[PDB]
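Side chains are part of it too, since the values below use all heavy atoms of this structure and drop only hydrogens, waters and symmetry mates. We number each residue from 1, following the sequence as shown.
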Amino acid sequence: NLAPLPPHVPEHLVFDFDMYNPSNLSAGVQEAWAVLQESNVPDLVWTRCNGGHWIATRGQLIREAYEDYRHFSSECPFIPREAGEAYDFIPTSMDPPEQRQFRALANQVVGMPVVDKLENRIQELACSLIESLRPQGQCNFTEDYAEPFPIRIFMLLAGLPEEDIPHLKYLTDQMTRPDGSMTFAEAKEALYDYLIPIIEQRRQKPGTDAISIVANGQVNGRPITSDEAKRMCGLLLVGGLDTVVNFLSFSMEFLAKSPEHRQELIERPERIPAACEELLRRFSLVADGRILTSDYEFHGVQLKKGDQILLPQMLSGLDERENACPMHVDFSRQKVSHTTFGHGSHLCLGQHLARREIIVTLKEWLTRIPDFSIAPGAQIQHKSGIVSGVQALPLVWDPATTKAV
Ligand code: HEM
Ligand SMILES: CC1(C)[C@H]2CC(=O)[C@]1(C)C[C@H]2O
């Protein structure tokens with residue numbers, strides 16, 4: 001439960017927030033985390049939950065810490081410590097200048113050029129999935145669209161069979177929103193047992209898939225090793241299977257409850273990209289951290305070497321000092337400020353793929369199914385963790401109001 005306060009922590013900086021089970025979760029996960037920004041809470045606090053760790057609450061401190069890799073290292077990015085220590089994914093667990101070489105290779109596989117190439121399949125899969133659901137008049141969005149749409153596209157990119165989805169998805173979820181059924185290390189090992197054989201095969205007989213490209217890539221002049229390949233692909237898996245999936249659900253949940261926002265996107269399509277940024281701001285869902293490389297005084301607070309600090313990317317855009325009326329969704333804000341895809345040297349490489357998948361969903365869904373809402377008597381429950389999610393999203397609609405294409 002609560003760990004004993006360390007000697008160097010002033011007790012007035014204590015605020016016991018549990019990132020895996022915040023108190024007001026019933027009101028929404030973003031709302032639950034936003035309590036960290038109430039006037040009674042200092043900008044930098046220490047929680048005794050999950051082993052004890054700091055949490056920066058303002059977009060300003062979050063950006064700073066993310067830029068200063070000298071004091072805030074990526075080596076142990078996950079909390080609790082045990083997870084941050086077992087964490088060895090590349091390029092994430094590396095600090096510059098080492099990260100740089102690996103980031104470039106990962107970029108080759110999920111960067112802009114790959115997205116432009118996959119565009120037609122993304123579009124195709126979206127239209128197909130939506131059209132197949134359209135006449136039914138109901139669906140559980142999380143499992144009927146949010147999961148298959150992003151995941152199948154990734155399985156297509158990586159060259160992995162759809163049959164492995166259930167297994168891989170389970171392991172991934174244990175890493176971001178631990179059930180308690182298994183430790184991060186055990187989750188990490190199982191994913192690795194899966195990847196190792198595949199990597200071996202693709203080193204011997206290269207294909208055009210992302211895995212073959214990584215497994216045979218060159219880093220710093222020499223060839224990548226199997227271990228380095230295994231660790232980079234491990235990261236790609238977690239990113240492809242547990243990010244866009246959850247985000248689509250928060251957005252769709254909001255849309256089902258706000259006819260005014262749906263209509264806006266239907267009558268003025270040129271707004272969709274702007275809407276996408278705003279939804280990414282309001283429904284930001286990631287929260288990881290860094291480890292202190294040495295004693296350091298950050299904004300008047302003395303941090304000691306070894307201290308882990310949670311720097312919630314989710315909070316930057318919900319900060320009122322950053323965005324006026326943060327909880328209000330406004331597709332016409334003059335400036336949408338956020339760090340949803342991160343900040344600093346570890347800025348999300350898969351952000352282009354994410355945005356394309358989001359915009360395609362919005363446009364294609366609103367075209368065929370303009371009017372829809374949350375099923376009567378359904379309680380939507382969110383879940384918190386390194387990456388937040390929606391448990392299930394029961395949606396209902398009148399088929400007679402849909403348009404086939
Ligand atoms: C819903 C969209 C997504 C969000 C919100 C998101 C968020 C993030 C965040 C916050 C980071 C920074 C982590 C840190 O600084 O410790 C990150 C890194 C990364 N993301 Fe994403 N991501 C998304 C989708 C994806 C997708 C689709 C992939 C592709 C498989 C992916 C691959 C990566 C990679 C490779 C990195 C590591 C970059 C590096 O270490 O240099 N992400 N992502
Ligand atoms: C924090 C992240 C969302 C980012 C780095 C990770 O380990 C993830 C859990 C997947 C990837 O997109």
### Task
Please check if the distance between the ring centroids of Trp365 and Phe141 is under 6.0 Å.
yes
Applying side-chain hydrogen bond (donor to acceptor under 3.5 Å, both in side chains) to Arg63 and not counting sequence neighbours gives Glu322, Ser337
Problem set entry | Test item: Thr47 and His53 side chains (from C-beta on) under 4.5 Å apart, heavy atoms | yes
Quiz item: Is the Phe341 ring parallel, tilted or perpendicular to the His338 ring (thresholds 30°, 60°)?
Solution: perpendicular
**Report entry** Enclosure of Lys363 NZ (heavy-atom neighbours >12, cutoff 6.0 Å)
**Finding:** no
Sorted by chain and number, sequence neighbours left out, side-chain contact (heavy atoms from CB on, under 4.5 Å) with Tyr296 holds for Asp68, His71, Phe72, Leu292, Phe298
The side-chain hydrogen bond (donor to acceptor under 3.5 Å, both in side chains) partners of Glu320 (sequence neighbours excluded) come to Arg58
Check: Is the closest side-chain heavy-atom distance between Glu357 and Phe149 below 4.5 Å?
Finding: yes
By salt bridge (charged side-chain N to carboxylate O under 4.0 Å, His left out), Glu264 pairs with (sequence neighbours left out) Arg271
Legend entry - Cation-pi check, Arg262 onto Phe372 ring (under 6.0 Å, within 45° of axis): yes
Residues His346 and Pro91: closest non-hydrogen pair is CE1-O, 3.2 Å
**OP:** If the plane angle is over 60° it's perpendicular, under 30° parallel, otherwise tilted; pick one for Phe184 and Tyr87.
**Re:** tilted
For side chain to side chain donor-acceptor pair (under 3.5 Å), just list the numbers for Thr293 and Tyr69, CA-CA rounded to whole Å, side-chain angles, deciding distance to a tenth of an Å, and then say yes or no. CA-CA 9 Å; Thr293 58; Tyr69 58 77; over 6 Å; no
Just checking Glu64: does its CD atom have more than 12 heavy atoms from other residues, nucleotides or ligands closer to it than 6.0 angstrom? yes
Using 4.0 Å as the upper bound for N to carboxylate O, is an ion pair formed by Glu119 and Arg356? yes
Non-hydrogen side-chain atoms of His299 and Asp43 separated by less than 4.5 Å: no
Closer than 4.0 angstrom, basic N to acidic O: yes or no for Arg177 and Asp242?
yes
Residue set satisfying salt bridge (charged side-chain N to carboxylate O under 4.0 Å, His left out) with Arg333, at least two apart, ordered chain then number -> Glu278
Sorted by chain and residue number, the salt bridge (charged side-chain N to carboxylate O under 4.0 Å, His left out) partners of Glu162 (sequence neighbours excluded) come out as none
Sorted by chain and number, sequence neighbours left out, salt bridge (charged side-chain N to carboxylate O under 4.0 Å, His left out) with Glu270 holds for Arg268
Taken in chain and number order and not counting sequence neighbours, the residues that satisfy side-chain contact (heavy atoms from CB on, under 4.5 Å) with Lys230 are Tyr192, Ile196, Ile199, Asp227
Next on the checklist: Counting neighbours of CE on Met327 that are heavy atoms of other residues, nucleotides or ligands and sit closer than 6.0 Å, is the number greater than 12?
Outcome noted: yes
Within a 6.0 Å radius of atom CG on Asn1, are there more than 12 heavy atoms belonging to other residues, nucleotides or ligands? no
query: Side-chain contact, heavy-atom cut-off 4.5 Å: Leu168 with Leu237?
result: yes
side-chain contact (heavy atoms from CB on, under 4.5 Å) filter on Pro223, not counting sequence neighbours, yields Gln218
Checklist line | Carboxylate-amine/guanidinium contact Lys188 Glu82, below 4.0 Å | finding: no
inquiry  = Tell me whether the rings of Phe254 and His261 are parallel (<30°), tilted (30 to 60°) or perpendicular (>60°).
reply    = tilted
Sorted by chain and residue number, the side-chain hydrogen bond (donor to acceptor under 3.5 Å, both in side chains) partners of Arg81 (sequence neighbours excluded) come out as none
Sorted by chain and number, sequence neighbours left out, side-chain contact (heavy atoms from CB on, under 4.5 Å) with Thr142 holds for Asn140, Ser249, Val390, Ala392, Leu393
Scanning both residues in full, the closest heavy-atom pair of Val110 with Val115 reads O-CG2, 4.0 Å
Correct closest heavy-atom pair for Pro148 and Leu125 would be O-CD2, 4.4 Å
Sequence neighbours excluded, the answer for side-chain hydrogen bond (donor to acceptor under 3.5 Å, both in side chains) partners of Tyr194 is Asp164
